[PDB]
>>> print(open('final.cif').read())   # mmCIF, C-alpha atoms and all ligand atoms
data_final
#
loop_
_atom_site.group_PDB
_atom_site.id
_atom_site.type_symbol
_atom_site.label_atom_id
_atom_site.label_comp_id
_atom_site.auth_asym_id
_atom_site.auth_seq_id
_atom_site.Cartn_x
_atom_site.Cartn_y
_atom_site.Cartn_z
ATOM 1 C CA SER A 95 -41.085 -10.202 60.861
ATOM 2 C CA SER A 96 -39.961 -12.384 63.773
ATOM 3 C CA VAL A 97 -37.220 -15.024 63.544
ATOM 4 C CA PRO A 98 -35.751 -17.352 66.203
ATOM 5 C CA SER A 99 -32.957 -15.711 68.144
ATOM 6 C CA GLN A 100 -29.448 -17.046 67.624
ATOM 7 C CA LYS A 101 -27.830 -14.817 70.243
ATOM 8 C CA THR A 102 -25.331 -16.692 72.382
ATOM 9 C CA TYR A 103 -26.381 -16.822 76.020
ATOM 10 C CA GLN A 104 -24.453 -18.851 78.594
ATOM 11 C CA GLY A 105 -26.967 -18.028 81.287
ATOM 12 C CA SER A 106 -27.155 -19.168 84.894
ATOM 13 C CA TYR A 107 -25.536 -22.541 84.261
ATOM 14 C CA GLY A 108 -22.600 -21.510 82.067
ATOM 15 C CA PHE A 109 -24.080 -23.347 79.090
ATOM 16 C CA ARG A 110 -22.159 -23.803 75.842
ATOM 17 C CA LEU A 111 -21.685 -26.509 73.229
ATOM 18 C CA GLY A 112 -18.654 -28.675 72.632
ATOM 19 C CA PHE A 113 -17.700 -31.109 69.871
ATOM 20 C CA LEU A 114 -15.255 -33.992 69.583
ATOM 21 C CA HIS A 115 -11.804 -32.967 68.308
ATOM 22 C CA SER A 116 -12.182 -35.282 65.332
ATOM 23 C CA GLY A 117 -9.787 -33.918 62.772
ATOM 24 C CA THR A 118 -10.255 -34.190 59.017
ATOM 25 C CA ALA A 119 -9.026 -37.656 57.976
ATOM 26 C CA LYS A 120 -11.127 -39.197 55.200
ATOM 27 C CA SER A 121 -12.524 -41.717 57.691
ATOM 28 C CA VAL A 122 -14.414 -39.098 59.729
ATOM 29 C CA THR A 123 -18.210 -39.013 59.500
ATOM 30 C CA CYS A 124 -18.726 -35.897 61.624
ATOM 31 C CA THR A 125 -16.212 -33.124 62.293
ATOM 32 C CA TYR A 126 -16.479 -29.628 63.777
ATOM 33 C CA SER A 127 -14.499 -26.555 62.745
ATOM 34 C CA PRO A 128 -13.958 -24.137 65.661
ATOM 35 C CA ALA A 129 -12.638 -21.478 63.267
ATOM 36 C CA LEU A 130 -15.869 -21.551 61.248
ATOM 37 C CA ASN A 131 -18.156 -22.626 64.163
ATOM 38 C CA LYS A 132 -19.405 -25.170 61.651
ATOM 39 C CA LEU A 133 -20.250 -28.867 61.880
ATOM 40 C CA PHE A 134 -19.631 -31.078 58.825
ATOM 41 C CA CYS A 135 -21.476 -34.385 58.753
ATOM 42 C CA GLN A 136 -22.894 -37.122 56.554
ATOM 43 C CA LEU A 137 -26.531 -37.792 55.795
ATOM 44 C CA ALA A 138 -28.462 -39.302 58.724
ATOM 45 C CA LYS A 139 -25.349 -40.399 60.564
ATOM 46 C CA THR A 140 -24.547 -39.820 64.218
ATOM 47 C CA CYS A 141 -23.540 -36.277 65.124
ATOM 48 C CA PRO A 142 -22.272 -36.100 68.708
ATOM 49 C CA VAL A 143 -22.953 -32.691 70.217
ATOM 50 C CA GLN A 144 -21.824 -31.962 73.764
ATOM 51 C CA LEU A 145 -23.521 -29.861 76.381
ATOM 52 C CA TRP A 146 -21.098 -28.236 78.811
ATOM 53 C CA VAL A 147 -22.311 -26.444 81.957
ATOM 54 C CA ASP A 148 -20.522 -24.847 84.931
ATOM 55 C CA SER A 149 -23.286 -25.793 87.400
ATOM 56 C CA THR A 150 -26.059 -28.359 87.160
ATOM 57 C CA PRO A 151 -29.443 -27.107 85.942
ATOM 58 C CA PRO A 152 -32.583 -28.014 87.972
ATOM 59 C CA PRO A 153 -34.490 -31.270 87.496
ATOM 60 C CA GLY A 154 -36.932 -31.020 84.594
ATOM 61 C CA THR A 155 -34.534 -29.060 82.389
ATOM 62 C CA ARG A 156 -34.858 -29.688 78.642
ATOM 63 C CA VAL A 157 -32.598 -29.307 75.599
ATOM 64 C CA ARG A 158 -34.108 -28.146 72.301
ATOM 65 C CA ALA A 159 -32.648 -28.153 68.783
ATOM 66 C CA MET A 160 -33.992 -26.111 65.859
ATOM 67 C CA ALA A 161 -32.644 -25.273 62.403
ATOM 68 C CA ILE A 162 -32.901 -21.910 60.646
ATOM 69 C CA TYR A 163 -31.518 -20.590 57.367
ATOM 70 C CA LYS A 164 -28.391 -18.536 58.000
ATOM 71 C CA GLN A 165 -28.859 -15.913 55.268
ATOM 72 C CA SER A 166 -31.091 -12.975 56.151
ATOM 73 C CA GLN A 167 -33.020 -13.302 52.878
ATOM 74 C CA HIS A 168 -34.064 -16.881 53.748
ATOM 75 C CA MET A 169 -34.366 -16.698 57.525
ATOM 76 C CA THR A 170 -38.159 -16.475 57.673
ATOM 77 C CA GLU A 171 -38.477 -19.716 55.686
ATOM 78 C CA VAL A 172 -39.117 -22.806 57.764
ATOM 79 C CA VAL A 173 -36.343 -25.385 57.426
ATOM 80 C CA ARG A 174 -37.920 -28.751 56.506
ATOM 81 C CA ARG A 175 -36.725 -32.066 55.021
ATOM 82 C CA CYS A 176 -37.133 -32.291 51.214
ATOM 83 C CA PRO A 177 -40.008 -34.310 49.682
ATOM 84 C CA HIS A 178 -37.570 -36.948 48.424
ATOM 85 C CA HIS A 179 -36.135 -37.737 51.851
ATOM 86 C CA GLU A 180 -39.520 -37.299 53.537
ATOM 87 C CA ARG A 181 -40.942 -40.221 51.559
ATOM 88 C CA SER A 185 -37.769 -43.682 59.930
ATOM 89 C CA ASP A 186 -37.384 -44.488 63.628
ATOM 90 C CA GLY A 187 -41.140 -44.164 64.071
ATOM 91 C CA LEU A 188 -40.673 -41.390 66.573
ATOM 92 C CA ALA A 189 -39.595 -38.468 64.358
ATOM 93 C CA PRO A 190 -42.041 -36.594 62.058
ATOM 94 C CA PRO A 191 -41.136 -37.287 58.420
ATOM 95 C CA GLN A 192 -40.749 -33.606 57.540
ATOM 96 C CA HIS A 193 -38.333 -32.822 60.389
ATOM 97 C CA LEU A 194 -34.727 -32.220 59.361
ATOM 98 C CA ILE A 195 -33.225 -32.857 62.785
ATOM 99 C CA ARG A 196 -33.787 -36.066 64.713
ATOM 100 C CA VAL A 197 -32.326 -37.309 67.954
ATOM 101 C CA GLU A 198 -30.819 -40.766 67.816
ATOM 102 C CA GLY A 199 -30.876 -43.169 70.728
ATOM 103 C CA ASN A 200 -33.287 -41.413 73.045
ATOM 104 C CA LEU A 201 -36.849 -42.648 73.403
ATOM 105 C CA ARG A 202 -37.708 -39.558 75.425
ATOM 106 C CA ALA A 203 -37.204 -37.192 72.469
ATOM 107 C CA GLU A 204 -40.219 -34.977 71.839
ATOM 108 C CA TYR A 205 -40.936 -33.351 68.489
ATOM 109 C CA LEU A 206 -42.758 -30.091 67.998
ATOM 110 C CA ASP A 207 -44.440 -28.321 65.072
ATOM 111 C CA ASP A 208 -44.905 -24.836 66.545
ATOM 112 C CA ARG A 209 -48.584 -23.903 66.346
ATOM 113 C CA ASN A 210 -47.772 -20.259 65.659
ATOM 114 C CA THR A 211 -44.430 -20.165 63.783
ATOM 115 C CA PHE A 212 -44.728 -23.611 62.169
ATOM 116 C CA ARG A 213 -41.097 -24.238 62.953
ATOM 117 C CA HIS A 214 -39.846 -27.713 63.792
ATOM 118 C CA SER A 215 -37.787 -28.648 66.822
ATOM 119 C CA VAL A 216 -36.798 -31.687 68.848
ATOM 120 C CA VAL A 217 -36.377 -31.575 72.606
ATOM 121 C CA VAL A 218 -34.953 -34.042 75.113
ATOM 122 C CA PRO A 219 -34.642 -34.087 78.920
ATOM 123 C CA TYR A 220 -31.350 -32.681 80.120
ATOM 124 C CA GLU A 221 -29.270 -35.331 81.922
ATOM 125 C CA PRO A 222 -26.010 -34.551 83.781
ATOM 126 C CA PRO A 223 -22.739 -36.110 82.513
ATOM 127 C CA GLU A 224 -22.366 -39.828 83.121
ATOM 128 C CA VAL A 225 -19.712 -41.097 85.480
ATOM 129 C CA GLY A 226 -16.290 -40.430 83.978
ATOM 130 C CA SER A 227 -17.479 -37.593 81.791
ATOM 131 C CA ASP A 228 -17.571 -33.816 82.088
ATOM 132 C CA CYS A 229 -20.229 -33.151 79.472
ATOM 133 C CA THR A 230 -23.540 -34.486 78.248
ATOM 134 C CA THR A 231 -23.649 -35.848 74.738
ATOM 135 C CA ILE A 232 -26.719 -35.870 72.494
ATOM 136 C CA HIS A 233 -26.627 -37.767 69.188
ATOM 137 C CA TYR A 234 -28.314 -35.811 66.378
ATOM 138 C CA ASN A 235 -29.027 -36.936 62.786
ATOM 139 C CA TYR A 236 -29.574 -34.500 59.872
ATOM 140 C CA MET A 237 -31.956 -35.923 57.303
ATOM 141 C CA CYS A 238 -31.080 -33.857 54.194
ATOM 142 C CA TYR A 239 -27.893 -32.851 52.391
ATOM 143 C CA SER A 240 -27.003 -29.177 52.244
ATOM 144 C CA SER A 241 -27.394 -29.722 48.503
ATOM 145 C CA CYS A 242 -30.921 -31.168 48.583
ATOM 146 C CA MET A 243 -32.678 -29.270 45.805
ATOM 147 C CA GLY A 244 -36.014 -29.840 47.520
ATOM 148 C CA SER A 245 -34.951 -28.277 50.833
ATOM 149 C CA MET A 246 -31.681 -26.460 51.746
ATOM 150 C CA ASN A 247 -30.712 -26.208 48.071
ATOM 151 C CA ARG A 248 -27.172 -25.202 49.052
ATOM 152 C CA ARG A 249 -28.430 -22.433 51.351
ATOM 153 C CA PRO A 250 -26.518 -22.569 54.652
ATOM 154 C CA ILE A 251 -28.347 -23.446 57.852
ATOM 155 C CA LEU A 252 -27.653 -23.015 61.567
ATOM 156 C CA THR A 253 -28.676 -25.305 64.373
ATOM 157 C CA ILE A 254 -29.718 -23.451 67.510
ATOM 158 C CA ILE A 255 -29.500 -25.404 70.812
ATOM 159 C CA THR A 256 -31.423 -23.960 73.730
ATOM 160 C CA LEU A 257 -31.535 -25.050 77.330
ATOM 161 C CA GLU A 258 -34.980 -24.456 78.885
ATOM 162 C CA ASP A 259 -36.511 -25.134 82.274
ATOM 163 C CA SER A 260 -39.538 -27.374 82.739
ATOM 164 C CA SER A 261 -41.853 -24.402 82.123
ATOM 165 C CA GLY A 262 -40.156 -23.315 78.912
ATOM 166 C CA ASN A 263 -38.092 -20.416 80.277
ATOM 167 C CA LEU A 264 -34.827 -19.799 78.421
ATOM 168 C CA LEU A 265 -31.730 -20.859 80.391
ATOM 169 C CA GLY A 266 -29.084 -20.794 77.690
ATOM 170 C CA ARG A 267 -28.431 -20.765 73.956
ATOM 171 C CA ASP A 268 -25.631 -21.617 71.551
ATOM 172 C CA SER A 269 -25.568 -22.318 67.825
ATOM 173 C CA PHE A 270 -23.417 -23.590 64.961
ATOM 174 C CA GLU A 271 -23.593 -23.735 61.176
ATOM 175 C CA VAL A 272 -24.138 -27.216 59.699
ATOM 176 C CA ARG A 273 -23.101 -28.700 56.359
ATOM 177 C CA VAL A 274 -24.459 -32.170 55.564
ATOM 178 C CA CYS A 275 -22.236 -33.611 52.827
ATOM 179 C CA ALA A 276 -20.591 -36.673 51.336
ATOM 180 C CA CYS A 277 -17.060 -35.977 52.572
ATOM 181 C CA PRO A 278 -17.025 -33.955 55.808
ATOM 182 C CA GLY A 279 -13.303 -34.253 56.444
ATOM 183 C CA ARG A 280 -12.309 -33.042 53.002
ATOM 184 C CA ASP A 281 -14.947 -30.326 53.002
ATOM 185 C CA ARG A 282 -13.880 -28.940 56.379
ATOM 186 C CA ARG A 283 -10.218 -28.960 55.368
ATOM 187 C CA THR A 284 -11.016 -27.159 52.104
ATOM 188 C CA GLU A 285 -13.212 -24.514 53.736
ATOM 189 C CA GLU A 286 -10.523 -23.710 56.302
ATOM 190 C CA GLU A 287 -8.039 -23.184 53.445
ATOM 191 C CA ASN A 288 -9.699 -19.820 52.763
ATOM 192 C CA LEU A 289 -8.678 -18.591 56.218
HETATM 193 CA CA CA B 1 -20.471 -21.675 71.139
HETATM 194 ZN ZN ZN B 2 -33.263 -34.084 51.248
#
>>> encode(input="final.cif", output="structure tokens")
Amino acid sequence: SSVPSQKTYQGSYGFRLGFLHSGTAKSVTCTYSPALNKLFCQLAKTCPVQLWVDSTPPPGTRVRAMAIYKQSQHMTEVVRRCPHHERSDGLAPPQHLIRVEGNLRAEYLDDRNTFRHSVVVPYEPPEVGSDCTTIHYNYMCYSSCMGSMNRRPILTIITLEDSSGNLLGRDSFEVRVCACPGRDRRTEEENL
């Protein structure tokens, strides 16, 4: 079968993701572990994800996000939001796990051939006083949702594409949507 690639590719623009250095205090709502290349966040809350490039991509560039199951045995299964959480910013499809917060230009796709879900936004260069571009994502199911992930790990793949859909870059990270991201990250790093 065919599955979405997760191969890292910096490409022509030196594209890679970055995350805030948030730490693991109990007050955190989103925190990234570099050692595990894993983002820990709460249900539907803001997840800042940074786009870092070495040179500016051309006008019309787009940034797409898609989720896939991490385990080989579940990778051909389309990642969708569970029925419970499906049943709303009025822009995102109810069955999509990943939404973009704070961007009216977000476009959602149900692939006509693979049936996979993704959300894409226009790439914008860093604002004045910043060296990266930040997109706010929201995950609409817990890793534990029996009706969807059911504790099966998932990866978010972020791809940079030109206006015509050509691949410019790719990066990815595992994601755990949970009640206590700080505590969960700290505990998972204890195995190291
Ligand atoms: Ca990376
Ligand atoms: Zn759910």
>>> residues_around(input="final.cif", residues="region 126-138 of chain A", least_positions_apart="5", cutoff="7 Å", atoms="all atoms listed in the file", output="PyMOL selection string")
chain A and resi 113+235-239+270-276+278+282
>>> closest_residue(input="final.cif", among="A:247, A:230, A:269, A:116", to="ligand ZN 2 (chain B)", atoms="all atoms listed in the file")
A:247
>>> closest_residue(input="final.cif", among="A:194, A:254, A:216, A:114", to="residue 176 (chain A)", atoms="all atoms listed in the file")
A:194
>>> residues_near_ligand(input="final.cif", ligand="ligand CA 1 (chain B)", cutoff="7 Å", atoms="all atoms listed in the file", output="tab-separated table (two decimals) with C-alpha atoms, in the frame of the given file")
chain	number	residue	atom	x	y	z
A	110	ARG	CA	-22.16	-23.80	75.84
A	111	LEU	CA	-21.68	-26.51	73.23
A	268	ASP	CA	-25.63	-21.62	71.55
A	269	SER	CA	-25.57	-22.32	67.82
>>> axis_aligned_box(input="final.cif", around="region 218-235 of chain A", padding_each_side="8 Å", output="JSON")
{"center_x": -25.6, "center_y": -36.9, "center_z": 74.1, "size_x": 34.7, "size_y": 24.4, "size_z": 38.7}
>>> residues_around(input="final.cif", residues="residue 164 (chain A)", least_positions_apart="4", cutoff="6 Å", atoms="all atoms listed in the file", output="list in words")
residues 250, 251 and 252 of chain A
